[PDB]
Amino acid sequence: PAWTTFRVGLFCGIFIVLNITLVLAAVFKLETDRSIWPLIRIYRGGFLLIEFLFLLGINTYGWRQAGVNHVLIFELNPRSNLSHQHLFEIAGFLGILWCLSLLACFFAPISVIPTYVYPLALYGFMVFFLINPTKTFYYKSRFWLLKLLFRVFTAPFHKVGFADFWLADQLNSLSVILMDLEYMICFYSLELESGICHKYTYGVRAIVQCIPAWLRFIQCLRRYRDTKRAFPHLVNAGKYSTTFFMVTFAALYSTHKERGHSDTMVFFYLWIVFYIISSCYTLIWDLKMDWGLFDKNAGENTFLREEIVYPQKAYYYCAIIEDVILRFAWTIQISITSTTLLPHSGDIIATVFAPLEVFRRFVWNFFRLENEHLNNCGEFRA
């Protein structure tokens, strides 16, 4: 309805402005305040999670409006569905909790409750919300999500469907959340040197960064084993292995910068070349293999596929441009997040880029679901 469209637009505008203001305040705090780095890192995971949930609600609304059969693609129950308004409500409720926790931590209203326990309690309450035997909240969707997450984490044990690969890609985008969680664990273990967690890179950080790409690589290998087709799966596996190569080269470069062994330059060059390789690989896969654009058969649409479900091709063109820019940004953000690299500007770069990466993956979800509905690019469906 028209009123529903107005409500969705109002929510989108309010959320966009609030997110932009929060990011601007975060960057302003950085390089001007000290000891705000751990707080920003702690709250960035929740901020990104809320942003991803709201943008997924927007994706569901757009798929419903354009006629994209995302329900069939995800193989969800036609009778019972989670409307875009439900996702918006979930995102707003989580955002309200996050804002309240941040405000309480900053104000320190009560000395009895320590300031540092507020984010921990918020993240524990969020986990309990995710895993709740009671039917207090939506139980069908939550149980489906829990089962899908368990399947995704067990990439080689279970066969790969569209939903599993899609959530693996989302986690690949949301790797910043996992990295921030690991950093907060380190901060609680050691801080609670002062910056020892972020001052020096370590293998556990690289493994945490590579985890999402690790699951994606295992899923692609399992798909190759099942279907025995090298082109659609081993190429993607190599695309994801570029992430591991770049992360390990960055870690070696940072370590040899800390300790001079004359191998810093070669590690730097290896990191640069593999970063370019990974950026190009991911960009090419997203633009062509996932979206399906640049199709030769397209005669009416230039640089796009023959069939398009969205009214405007300007959407596709701006999506291509923003995907290029934000893929480069996401690769460099992963580089700085996994390994120390820039000491000061790294945190600001990560804070600026993570919301941009989430938005890029939101657009990617849009176009990938459109292509999947139009053609069985993923081949998951019959």
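Heads up: residue numbers just count along the shown sequence, starting at 1. Here, rigid core means the biggest group of C-alpha atoms that superpose within 1.5 Å across both forms.
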| item | value |
| --- | --- |
| Comparing 299-307 and 166-174 where Cα RMS over structures and residues is taken in 7 other deposited structures of this protein (core fit), larger one | 299-307 |
| Greater Cα displacement in 7 other deposited structures of this protein once the core is superposed, comparing 75-83 with 255-263 | 255-263 |
| Absent coordinates for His158 in a third or more of other compared entries | no |
| Check: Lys140 without coordinates in a third or more of other entries | no |
| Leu72 to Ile73: deposited residues without atomic coordinates | none |
